[PDB]
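Reviewing the structure listed below.
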Amino acid sequence: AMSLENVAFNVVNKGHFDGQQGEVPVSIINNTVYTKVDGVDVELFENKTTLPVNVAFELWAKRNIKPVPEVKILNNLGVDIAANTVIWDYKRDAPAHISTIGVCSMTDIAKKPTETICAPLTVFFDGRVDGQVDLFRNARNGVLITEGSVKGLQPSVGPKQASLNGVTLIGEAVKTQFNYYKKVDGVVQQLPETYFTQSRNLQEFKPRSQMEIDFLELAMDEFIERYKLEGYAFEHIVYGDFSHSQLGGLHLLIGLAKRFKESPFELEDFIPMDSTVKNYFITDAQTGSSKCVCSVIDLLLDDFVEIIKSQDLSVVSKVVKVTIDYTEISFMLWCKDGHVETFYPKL
Amino acid sequence: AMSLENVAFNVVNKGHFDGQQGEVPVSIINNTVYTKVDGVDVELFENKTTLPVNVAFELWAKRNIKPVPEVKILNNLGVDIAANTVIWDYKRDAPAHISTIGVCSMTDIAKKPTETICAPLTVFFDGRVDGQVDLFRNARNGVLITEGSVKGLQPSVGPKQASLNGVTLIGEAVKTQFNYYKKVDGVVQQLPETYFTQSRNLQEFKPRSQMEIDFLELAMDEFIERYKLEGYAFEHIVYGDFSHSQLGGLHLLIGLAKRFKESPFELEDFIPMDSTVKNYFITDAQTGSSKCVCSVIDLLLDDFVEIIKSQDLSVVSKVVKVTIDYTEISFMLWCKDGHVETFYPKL
Amino acid sequence: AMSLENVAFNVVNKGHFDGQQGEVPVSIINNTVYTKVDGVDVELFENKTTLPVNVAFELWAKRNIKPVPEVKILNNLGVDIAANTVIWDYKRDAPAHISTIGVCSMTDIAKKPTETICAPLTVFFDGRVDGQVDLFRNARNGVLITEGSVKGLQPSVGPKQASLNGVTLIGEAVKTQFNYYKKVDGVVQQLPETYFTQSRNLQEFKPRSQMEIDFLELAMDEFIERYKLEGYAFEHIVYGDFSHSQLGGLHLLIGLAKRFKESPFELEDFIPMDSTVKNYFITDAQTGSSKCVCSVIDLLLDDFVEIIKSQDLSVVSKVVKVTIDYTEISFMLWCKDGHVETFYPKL
Amino acid sequence: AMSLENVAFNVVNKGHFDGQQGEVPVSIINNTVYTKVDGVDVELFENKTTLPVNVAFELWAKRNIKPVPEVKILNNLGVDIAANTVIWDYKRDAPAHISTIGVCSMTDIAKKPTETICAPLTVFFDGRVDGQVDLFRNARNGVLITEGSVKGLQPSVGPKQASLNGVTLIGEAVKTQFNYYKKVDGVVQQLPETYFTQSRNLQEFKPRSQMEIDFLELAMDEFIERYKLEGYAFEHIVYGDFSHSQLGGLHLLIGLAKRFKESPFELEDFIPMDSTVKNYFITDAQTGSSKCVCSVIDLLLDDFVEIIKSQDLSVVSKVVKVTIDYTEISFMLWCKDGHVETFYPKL
Amino acid sequence: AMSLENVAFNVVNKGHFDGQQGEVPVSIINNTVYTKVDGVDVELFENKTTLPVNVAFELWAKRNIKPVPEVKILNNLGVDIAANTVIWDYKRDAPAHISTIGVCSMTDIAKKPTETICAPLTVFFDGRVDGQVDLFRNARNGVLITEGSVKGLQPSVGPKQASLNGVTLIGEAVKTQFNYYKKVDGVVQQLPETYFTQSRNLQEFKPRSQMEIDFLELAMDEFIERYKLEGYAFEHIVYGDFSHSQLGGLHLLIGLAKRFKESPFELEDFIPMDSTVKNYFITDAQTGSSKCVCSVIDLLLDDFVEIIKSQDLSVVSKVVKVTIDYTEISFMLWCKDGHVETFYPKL
């Protein structure tokens, strides 16, 4: 018996819709859902989406609480809709996919994936839920993630980390490494041998390798010498040039954290969402240096070194294509006298 | 005179309504009260309640700024309304009690406590304000707090800390220890000999005793050995089991802080309000372990040890009733082979 | 040319309106501007002003990103409006001046300063932009700032720090020290030999001199004799008296930072706005001490000492006038038996 | 160059978007679009839809102002979307079809009908606009209306009245009778030989035949005898039984108007929209008689008697199926002993 | 003592703001002012303006209830603001002038007309109020209306009708004919010998002369021959041509009413405000004829005849300039073979 008071009952007790029976009073006032707890109103939800408040409330209360891939991966895989589940985009505070399959009639573009309108739609299937693997087999456009091995299909390993309740993490108690399949027009795709982004934060930056701890601890020279980066312009690409007003370089998150620890600054996310490469509005509180738009990518420093060493230094200026998180990211390399000048990621 | 421009004048000058005469321009746009300071609009208030914006504004501006008991204590004492004052619930951003006595006609359920409508309602009387003790004597259902002794009444000591402008604290410059009287049906009631909660935070966790220093510093085995907590399952009850996906145990705030200092995690308050026992949505950022609903109580570790000692270890499954903050909290003791297994607080 | 979709295109790409050509879909829902990025809606803006959402969006997107004087300085200089630019007030999240000149027809009180409506209004001219100096010369009431020297005008040095994108800073890569001119009624005035506010914040406090580092490290008494402050009541005017409930003294930011680093407390800003003097609602979480309204000025401790050593120090009660940030601020000195008793800034 | 100030310029001058170049200030406040005419704000629009205000504004300003079929006819024909035009539903004050083709990117599922997403959707093509007939020929699912004859296709005549700017009418100066085609899965269908609804109103009911003027002027018995309606239950079916509390019969609009002229009553449209058959909440102000659900259809009285004569009087109870406005409307014929009990449009 | 509860008290009792002292509870929810009458809330006001709800409430409650000139006359006279009063614009349902003098500080651009900001602004002075005539004499830019004669000033006679609480009327009990003065730049101007607009509406049209009753009753040919406008084309200019789709002529209100009485139609006011000339979106429900923009003026038919007979028939095409309601209205005349063809008012 779908309703709203049942959903609020579930949210009050369990914190998410776990399909229990019961009803509680609800008041809706200005995009906000209140409930009466011992004679007083407690805010249960606050709509930030563009959907109606009760629609968004139901979508949130029915969100996924198991470790699921980060929304940027699903974007790159071209996932249009998630079958029998809701993916919540904690960065946007809004559901990741506009319609649903098998979730709620107020939003279901189709009750089941097999409806004709769902043929063009690239769906997402969760292997861990019983009955989705065969559905992915039968589905024309689809993406499946399985915990382990599925018979007759060659997997692609995903990133070491997934998102569990809006925090990304590498799981010990849980497995956050899925195997990614993909069908287009009914024929199983071959996913590229891609790199991944680590999805780290400045505030909680933890190095993930020895080169990274070296970067964090050693000065510019010590590090560049030890890892033989003489002709590769880390002092601009990764360390950033704060001498002039227009802040230069600084297109890797590790360099951001390195300058942050010595002197914190401010990053303005003017497009709050999840991408492989992100643009910020950087201002440096120490030097007074700033740049309007700063493409920033977060690879493993090890992998960034691997990518830049895989390049041809002789050419002055070409546009590189790098597969990151299942998509090609156009890098733009400039070399002076055959040694690397700049390697900004293309806008 | 009771107006809105007078209230805004008081708020602009003093920060709260201190009953002075003056007028100030006011603008109201979307649950928000603006005032014009030197030709530009400054936000004076923003309504988070369900009341009309000007009603809530007046209630906030007339809130109590002397140290007053935290709202959970009043809830446990069944206080319906507070006489001649407004209690503000900074956890909830809304006034604690729906109606008033002697505050303002737009909300006053009755001008004086002696009205017939106020007979069935438990009121709150503040001893520190002159004239409230006689009112409490005359009132049928009532709760009174005085700084010291009132003639002919047997007190009950309250918690060592009160709330002063929305931050709880133990007062040196000010007395935050009140004596709690209470009468029902006109007959003075005998309050139980209860324990109290300390109302601490993870971000600013301050140990209040030597056992707490030991817990924070000593490892699991050292602390358990020193305080002889062998058959008492602290390694699950208070330390938490993060090996499996479903995070286990961890129903004391001290254990939360101990786990937090090692690897910080994030807690979801899906019912923002003040209660003796609070339920959170816990996910562990290191292990990837999580639990949908996890009751958490903050006692003195000394007092938790005392109450777990004062139990019968033989029974397998028992429902324990403990009087905390003037209310009985059902604890669910499980013993394996006659020694403690689990002691989760009941839902 | 002007539109809303062009503005949103510029904001999506550059983060501010940089005058590019192109259009992007936009959705306006409850004081909020959304745009559709790869099939999903992303919040580009959220109106906090009292203006219409699209008006405020345009004003924000066209805000100034070069280092500009902090709005308090413009307030003190009586700047009514800024010519050919928008000054954004990040403290208020609203534009600093109600109308514009040469910005947008929906707001321009006049297209150019020379209109008769703009005659009675003090305008702000930016020397760094080509064509504003002659405009200031022709202007009747106006204020000009130049990086360097302008022929035939005697400058006044501004503060060492300006505001670049809402963070105040002393600029190395960029010049954040301007020279301030002012014409009233067509005659250039002589700006007073004033002192300046350092514009520092409590949480991330940085001493700017030797006396300040001494204050931060040395205890009370030691600092007092080293700088010979025996008869100058630094026990009250700076260090603050927390023995009684009525929190005493503490009217300089440095003393607040001193008290904070040892025991943090909460400052309640009831008038979010930038002024030279600011009033707070201080409560001390350690002692339980509080005061309703606490005027707090931020000086150089060096300069506060230089002020207090220039006083009569003999009379009981006089109200002195100090020229800070181009305005006279009444300090209220009390001396008992010819030694400083109190020196609170007048309300 | 798509914009919003251009649209408002067009609306201010022409009253609808007629593709002119020019711009006008706009203010958006609470679902309402204001513009400044000689220094004061005039409301240009007020959103009643569920769409964002600017989206709905653009859809309204680009609505169709030629005589177009009433939305109920399109509903019956299964029209999903209208190609290169916007149909406005003046009953609902909202656009008739959720998405658009070739109108604006904020709603276009596809710029042109030939897209694969537009394959499974029945589109509407307007013959009067040059280039739509060939598009209908090439379209998988489609509906076309032409003023006259299209080569190689056999038409179906539509209703003698269309809707021009939200008032339905039979056109003398303009041709409001179209010929209706239809392709399902690429094959042209044969539209049924159907009856039509007259789409009239009580407050301005005009008879459209001789039988109707007879009904309006003649008494009950005179009309029944003249047209030989002795055994056909017009007394209950078309005249209404107001003797009892539950208002009986009265399922044709002409009977409503006949009772209205004598003693006016009030009809409650609890589902404001356009359908062939409509349900009202009738209460009779004279007798005090009322009925909760009163299906009301507006046929030609001539056509209604033709349909009722085409029935079988012997059957006690069958469910007739009548094709009205290109859809089958089930009728409940109860006929006892050869005399009709009550026709009753099935619900 | 300005406030909001006092204003609501006045509105509840007197219906507008006299100035009685007394205060009443008020609730504000979504642009709406409620008050509690005998335990239930009653809507006292509903904001349609762009001002804050309480600002608009005070402006409305303090509106003028004496007969005052219609806002279009003030627009033509260039009145910027009204001194010591509020003119309410019932067409727009919003105050007529953005700022005030002597009304309330939230809107007072200046307390008195003599301030410097009020110098460049044409003000409106009400002769009937004691003290406004001397102010008008002293005023630099201003407009006065006296009920009779003022010493040393030559008046201009205004229209026979004024507006009394939002209905225009010719007054018997009250005198609604004022004498209009005007001092541009401190020098009294000479107002033109202008024609006037009758300000009538279709629903309650009333002829004001013999020619008008003739028009209403006489057919086309009878009227034209009796008043001998053979070569003047009333059959297009005034009677309207409904044969073709694009409605023709019909630019006088009397012609609208004459067509209305025969077969009523619908007029769309897409710019709701008051002007001498008004543009409508007209569609004819009988013929199906319509025009996108249909300028309509409402003179006395007597006066329209006088203006058209004051023309030069020989010219093929000129632009006539006619003074109506103190402004020049560019009429546009076409003559074919030396006799009048068309006389549309120019846009």
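All residue names refer to the structure tokens as shown: chains lettered A, B, ... in order, residues numbered from 1 in each chain, ligands numbered from 1 in order.
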Excluding residue A:233 and residues on its chain fewer than 2 positions from it, collect all residues at most 12 Å away from it, counting only C-alpha atoms, and give them as a PDB file with C-alpha atoms, in the first residue's frame.
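Saved file result-v4.pdb follows:
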ATOM      1  CA  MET A 220      60.310  20.219  -4.815  1.00  0.00           C
ATOM      2  CA  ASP A 221      63.924  19.350  -5.623  1.00  0.00           C
ATOM      3  CA  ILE A 224      61.985  15.707  -8.658  1.00  0.00           C
ATOM      4  CA  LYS A 228      63.910  11.691 -12.409  1.00  0.00           C
ATOM      5  CA  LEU A 229      61.407  14.373 -13.408  1.00  0.00           C
ATOM      6  CA  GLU A 230      63.850  16.942 -14.777  1.00  0.00           C
ATOM      7  CA  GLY A 231      62.285  17.494 -18.192  1.00  0.00           C
ATOM      8  CA  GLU A 235      57.142  22.563 -10.844  1.00  0.00           C
ATOM      9  CA  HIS A 236      54.343  24.036 -12.975  1.00  0.00           C
ATOM     10  CA  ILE A 237      51.972  21.154 -13.716  1.00  0.00           C
ATOM     11  CA  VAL A 238      51.809  19.742 -10.192  1.00  0.00           C
ATOM     12  CA  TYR A 239      53.406  22.337  -7.916  1.00  0.00           C
ATOM     13  CA  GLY A 240      51.740  25.415  -9.396  1.00  0.00           C
ATOM     14  CA  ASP A 241      53.242  28.849 -10.076  1.00  0.00           C
ATOM     15  CA  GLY A 248      49.561  28.742 -13.115  1.00  0.00           C
ATOM     16  CA  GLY A 249      49.477  24.982 -13.498  1.00  0.00           C
ATOM     17  CA  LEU A 250      48.241  23.029 -10.484  1.00  0.00           C
ATOM     18  CA  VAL A 305      53.861   9.806 -14.037  1.00  0.00           C
ATOM     19  CA  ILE A 308      53.311  11.561 -18.904  1.00  0.00           C
ATOM     20  CA  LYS A 309      56.265   9.233 -19.507  1.00  0.00           C
ATOM     21  CA  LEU A 313      58.405  14.721 -26.054  1.00  0.00           C
ATOM     22  CA  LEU A 333      50.715  18.752 -24.083  1.00  0.00           C
ATOM     23  CA  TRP A 334      53.170  21.552 -24.826  1.00  0.00           C
ATOM     24  CA  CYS A 335      56.899  20.855 -25.114  1.00  0.00           C
ATOM     25  CA  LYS A 336      59.656  23.470 -25.286  1.00  0.00           C
ATOM     26  CA  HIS A 339      61.075  18.973 -23.079  1.00  0.00           C
ATOM     27  CA  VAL A 340      57.628  19.198 -21.492  1.00  0.00           C
ATOM     28  CA  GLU A 341      56.327  22.747 -21.073  1.00  0.00           C
ATOM     29  CA  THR A 342      52.687  22.280 -19.981  1.00  0.00           C
ATOM     30  CA  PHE A 343      50.188  19.376 -19.759  1.00  0.00           C
ATOM     31  CA  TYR A 344      46.818  21.055 -18.993  1.00  0.00           C
TER      32      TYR A 344
END
*For stretch 254-265 of chain A: contacts at 7 Å, only C-alpha atoms, fewer than 3 positions along chain excluded, given as a ChimeraX atom specification*: /A:202,205,216,238-239,250,283-286
*Mind checking which residues fall within 10 Å of residue D:307, counting only C-alpha atoms, ignoring those fewer than 3 positions away in the same chain, and posting them as number ranges by chain?*
D: 195, 301-304, 310-311, 320, 322
Using N, CA, C and O atoms, can you write the selected residues to a file as a PDB file, in the first residue's frame?
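Now in selection05.pdb:
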ATOM      1  N   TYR D 195     -19.953   9.980 -33.508  1.00  0.00           N
ATOM      2  CA  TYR D 195     -20.668  11.182 -33.136  1.00  0.00           C
ATOM      3  C   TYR D 195     -19.723  12.144 -32.434  1.00  0.00           C
ATOM      4  O   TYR D 195     -18.608  11.792 -32.046  1.00  0.00           O
ATOM      5  N   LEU D 301     -29.082  16.864 -29.227  1.00  0.00           N
ATOM      6  CA  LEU D 301     -30.321  16.208 -28.817  1.00  0.00           C
ATOM      7  C   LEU D 301     -30.857  15.331 -29.940  1.00  0.00           C
ATOM      8  O   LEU D 301     -31.348  14.219 -29.707  1.00  0.00           O
ATOM      9  N   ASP D 302     -30.724  15.811 -31.172  1.00  0.00           N
ATOM     10  CA  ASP D 302     -31.054  15.022 -32.345  1.00  0.00           C
ATOM     11  C   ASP D 302     -30.259  13.722 -32.355  1.00  0.00           C
ATOM     12  O   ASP D 302     -30.814  12.628 -32.521  1.00  0.00           O
ATOM     13  N   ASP D 303     -28.946  13.832 -32.150  1.00  0.00           N
ATOM     14  CA  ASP D 303     -28.088  12.654 -32.127  1.00  0.00           C
ATOM     15  C   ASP D 303     -28.386  11.777 -30.926  1.00  0.00           C
ATOM     16  O   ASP D 303     -28.307  10.551 -31.021  1.00  0.00           O
ATOM     17  N   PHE D 304     -28.722  12.375 -29.783  1.00  0.00           N
ATOM     18  CA  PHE D 304     -29.033  11.544 -28.626  1.00  0.00           C
ATOM     19  C   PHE D 304     -30.270  10.692 -28.871  1.00  0.00           C
ATOM     20  O   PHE D 304     -30.285   9.501 -28.532  1.00  0.00           O
ATOM     21  N   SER D 310     -31.648   3.728 -31.730  1.00  0.00           N
ATOM     22  CA  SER D 310     -30.869   2.625 -32.269  1.00  0.00           C
ATOM     23  C   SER D 310     -30.687   1.484 -31.276  1.00  0.00           C
ATOM     24  O   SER D 310     -29.890   0.579 -31.543  1.00  0.00           O
ATOM     25  N   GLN D 311     -31.400   1.493 -30.154  1.00  0.00           N
ATOM     26  CA  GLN D 311     -31.199   0.496 -29.116  1.00  0.00           C
ATOM     27  C   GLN D 311     -32.273  -0.589 -29.183  1.00  0.00           C
ATOM     28  O   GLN D 311     -33.199  -0.541 -29.994  1.00  0.00           O
ATOM     29  N   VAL D 320     -24.156  -0.544 -23.639  1.00  0.00           N
ATOM     30  CA  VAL D 320     -24.014  -0.035 -24.996  1.00  0.00           C
ATOM     31  C   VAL D 320     -22.609   0.523 -25.175  1.00  0.00           C
ATOM     32  O   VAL D 320     -21.931   0.874 -24.207  1.00  0.00           O
ATOM     33  N   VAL D 322     -20.900   3.427 -27.650  1.00  0.00           N
ATOM     34  CA  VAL D 322     -21.141   4.476 -28.629  1.00  0.00           C
ATOM     35  C   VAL D 322     -19.829   5.186 -28.910  1.00  0.00           C
ATOM     36  O   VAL D 322     -19.093   5.533 -27.982  1.00  0.00           O
TER      37      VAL D 322
END
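Among the candidates A:312, A:59, A:67, A:128, the one nearest to residue A:97 when counting only C-alpha atoms is A:59.
The coordinates place atom CA of residue A:200 at 21.7 Å from atom CA of residue A:291.
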*So which residues touch residue E:274 within 9 Å, counting only C-alpha atoms, skipping near sequence neighbours fewer than 3 positions away, as a ChimeraX atom specification?*
/E:70-72,89,91-92,271,277-278
*Gap from atom CA of residue D:69 to atom CA of residue D:163 - Å, one decimal*: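 Computing it gives 5.9 Å between the two atoms.
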*stretch 161-344 of chain B: which residues are helix (DSSP H, G or I) by DSSP, as an NGL selection string?*
:B and (210-217 or 220-226 or 230-232 or 234-237 or 253-262 or 301-309)
Which residues are close to residue B:347, i.e. within 9 Å by only C-alpha atoms, leaving aside same-chain residues fewer than 5 positions away? Reply as a tab-separated table (two decimals) with C-alpha atoms, in the first residue's frame.
chain	number	residue	atom	x	y	z
B	295	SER	CA	20.98	3.67	19.65
B	330	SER	CA	14.73	-0.31	28.90
B	331	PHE	CA	18.10	-2.03	28.39
Closest-contact table, chain B side, partner chain C, 9 Å, counting only C-alpha atoms, as a tab-separated table:
residue	atom	partner	partner_atom	distance
B:11	CA	C:270	CA	7.8
B:12	CA	C:271	CA	6.9
B:13	CA	C:293	CA	7.9
B:14	CA	C:293	CA	5.8
B:15	CA	C:270	CA	6.1
B:16	CA	C:292	CA	8.0
B:27	CA	C:50	CA	8.8
B:29	CA	C:50	CA	7.1
B:34	CA	C:50	CA	8.4
B:38	CA	C:75	CA	8.6
B:39	CA	C:98	CA	8.3
B:40	CA	C:98	CA	7.4
B:41	CA	C:50	CA	7.7
B:42	CA	C:272	CA	6.7
B:43	CA	C:272	CA	7.2
B:44	CA	C:271	CA	6.7
B:45	CA	C:270	CA	8.6
B:65	CA	C:292	CA	8.9
B:67	CA	C:288	CA	8.6
B:164	CA	C:288	CA	7.5
B:165	CA	C:283	CA	7.6
B:167	CA	C:285	CA	7.2
B:168	CA	C:285	CA	7.7
B:169	CA	C:285	CA	6.0
B:170	CA	C:288	CA	7.0
B:171	CA	C:288	CA	4.7
B:172	CA	C:287	CA	4.8
B:173	CA	C:245	CA	5.0
B:174	CA	C:245	CA	5.7
B:175	CA	C:288	CA	8.4
B:176	CA	C:288	CA	8.5
*Within stretch 29-138 of chain D, find each residue whose DSSP state, derived from the backbone, is strand (DSSP E), and express the selection as a list in words.*
residues 32, 33, 34, 35, 36, 37, 40, 41, 42, 43, 44, 45, 46, 81, 82, 88, 89, 94, 95, 100, 101, 108, 109, 110, 123, 124, 125 and 126 of chain D
